[PDB]
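Below is one structure, written out as structure tokens; the observations come after it.
No hydrogens, no waters, no symmetry mates; every other heavy atom, side chains included, goes into these values. Chain naming here is simple, since letters A, B, ... match the order of the sequence lines and numbering starts at 1 in each.
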Amino acid sequence: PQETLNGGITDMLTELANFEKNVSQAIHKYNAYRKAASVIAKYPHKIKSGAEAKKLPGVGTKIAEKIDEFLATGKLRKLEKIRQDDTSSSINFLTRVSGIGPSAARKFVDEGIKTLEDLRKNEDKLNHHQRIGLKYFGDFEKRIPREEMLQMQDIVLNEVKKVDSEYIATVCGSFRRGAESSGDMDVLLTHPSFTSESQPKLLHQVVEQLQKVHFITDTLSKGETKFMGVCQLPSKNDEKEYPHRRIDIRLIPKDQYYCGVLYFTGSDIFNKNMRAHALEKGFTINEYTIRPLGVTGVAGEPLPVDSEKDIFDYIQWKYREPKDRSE
DNA sequence: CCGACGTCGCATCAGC
DNA sequence: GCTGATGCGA
DNA sequence: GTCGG
Ligand SMILES: Nc1nc2c(ncn2[C@H]2C[C@H](O)[C@@H](COP(=O)(O)NP(=O)(O)OP(=O)(O)O)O2)c(=O)[nH]1
Ligand SMILES: [Mn+2]
Ligand SMILES: [Mn+2]
Ligand code: NA
Ligand code: NA
């Protein structure tokens with residue numbers, strides 16, 4: 001519905017979620033809060049009491065309490081106090097740097113490193129990923145208009161075909177779902193000489209080429225099948241530089257192409273829903289295969305997949321275009 | 001009461 | 001030197 | 001923190 005129906009409640013739960021993940025390092029409380037925030041966000045009525053909220057799956061006793069305090073006072077004592085806490089709030093903030101998780105963040109704050117300015121003063125203490133996360137902190141939190149996404153796609157598809165015309169490159173993620181803007185670019189890569197059964201540097205060659213034409217600018221991580229890095233559109237004339245963008249490139253077995261594209265097209269919430277209904281119907285799905293579950297619930301051999309629809313067919317669900325996979 | 005809470009690739013750390 | 005464990009992001 | 005064995 002509309003995000004101001006219970007926006008105060010869901011903002012509260014989301015904030016609680018972050019402090020559980022980043023500060024308390026309690027990942028399951030983090031997910032519990034977000035699960036509750038999500039079900040309340042869909043609730044098409046303005047919540048009048050914690051008890052009313054408790055009817056929803058994922059909303060229990062403790063969250064019911066907190067909603068009652070929020071409704072009555074417009075705030076949470078615990079949340080106000082945690083905000084005022086220098087240590088906790090510093091740890092929470094530092095995890096916004098890509099590469100800095102709850103563990104590294106706590107470690108930094110322990111030795112007095114609390115801000116971005118503290119981080120820049122201490123490059124020695126940052127690993128490769130974290131330095132780049134720091135370097136492009138502002139850029140990485142910017143969103144990408146679809147127009148720039150299309151220019152980025154133009155370059156990717158072009159340079160990929162130049163290396164080898166038998167490559168297949170597919171931009172997935174929110175882009176494939178037709179989103180008007182994206183958080184990054186996700187690229188799936190496929191080549192005839194790489195299948196599940198069976199050239200040594202297939203992913204490397206593409207990365208190398210995208211670097212040569214100055215599209216890819218930084219490397220966060222790179223292995224045989226997964227590239228995580230930074231890219232940037234070229235500027236014209238003197239007209240000022242574009243923001244640096246996050247880009248992932250994945251090389252998948254050609255015979256497992258459709259499971260891969262389904263998986264990395266998402267959305268995340270769509271995938272977990274599809275996986276739940278897959279278990280409901282006695283199947284299991286990952287980024288590679290769909291496999292039947294025997295009577296005792298053990299996965300069998302990968303099924304033949306020749307399209308995305310085939311995966312939908314197996315679990316008795318009406319085919320849905322990428323644009324309808326919001327959830 | 002108390003165990004489950006997706007899974008995966010890469011970077012880095014712990015320890016032989 | 002290596003294997004196994006853990007952090008991290010998606 | 002929530003759910004359910
Ligand atoms: N295994 C796994 N896959 C995920 C997860 N989250 C997302 N994905 C799988 C499915 C995600 O949809 C997807 C591609 O990753 P993104 O770029 O991170 N997400 P998207 O492109 O939809 O949003 P954005 O516009 O902000 O970039 O990969 C996750 O938590 N776990
Ligand atoms: Mn994406
Ligand atoms: Mn991504
Ligand atoms: Na409930
Ligand atoms: Na981070």
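Going from atom CZ of A/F140 over to atom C1' of C/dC8 covers 14 Å, rounded to whole Å. Between the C1' atom of C/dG9 and the CG atom of A/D184 lies a distance of 11 Å, rounded to the nearest Å. Taking atom CG of residue A/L79 and atom P of nucleotide D/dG1, one finds them 13 Å apart after rounding to whole Å. Atom OH of A/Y30 is separated from atom P of C/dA10 by 11 Å (rounded to the nearest Å). Across the protein-nucleic acid pair, A/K29 atom NZ and D/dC3 atom P stand 15 Å apart, rounded to whole Å. As rounded to whole Å, 15 Å separates atom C1' of C/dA10 from atom CD1 of A/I247. Here C/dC8 presents its P atom at 12 Å from CG of A/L126, a figure rounded to the nearest Å.
Considering only the side chain of A/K66, D/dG1 comes nearest among D/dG1, C/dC8, C/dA10.
Partners of A/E141 under the salt bridge (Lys or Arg N to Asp or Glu O under 4.0 Å) rule, at least two apart in sequence or in another chain, are A/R96.
At least one side-chain heavy atom of A/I252 sits under 4.5 Å from a side-chain heavy atom of A/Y288.
For A/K75, the NZ atom sits in a packed shell: over 12 heavy atoms of surrounding residues, nucleotides or ligands are nearer than 6.0 Å. Open room surrounds CD on A/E301; 12 or fewer heavy atoms of other groups in view lie less than 6.0 Å from it.
A positive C1'-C2'-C3'-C4' dihedral is found for the sugar of C/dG1, placing it in the north range.
Ring centroids of A/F93 and A/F108 are separated by 6.0 Å or more, keeping the two rings apart.
Using a 4.0 Å heavy-atom distance criterion, A/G99 is classed as a sugar-phosphate-only contact. No contact: A/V39 has no heavy atom under 4.0 Å from any strand. Nucleic acid contact for A/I27: none, since no nucleic acid atom lies under 4.0 Å from a heavy atom of the residue. If you check every strand for non-hydrogen atoms under 4.0 Å, A/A26 touches nothing. Using a 4.0 Å heavy-atom criterion, one finds that A/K54 contacts no nucleic acid atom at all. A/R246 comes within 4.0 angstrom of the backbone, heavy atoms only, and of no base.
Only the P atoms considered, D/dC3 is 16 Å distant from B/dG6, to the nearest whole Å.
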Worksheet item: Where along nucleotides 5-15 of chain B does protein come under 4.0 Å, by heavy atom, of base (B) or sugar-phosphate alone (S), with - for untouched nucleotides?
Response: BB-SBSSS---

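A/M228 and A/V206 fall into different hydrophobic clusters, where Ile, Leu, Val, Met, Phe, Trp and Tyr residues are linked whenever their side-chain heavy atoms come under 4.5 Å apart, directly or through other members.
The one candidate from A/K21, A/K66, A/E15, A/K62 that meets the side-chain hydrogen bond (donor to acceptor under 3.5 Å, both in side chains) condition with A/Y33 is A/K66.
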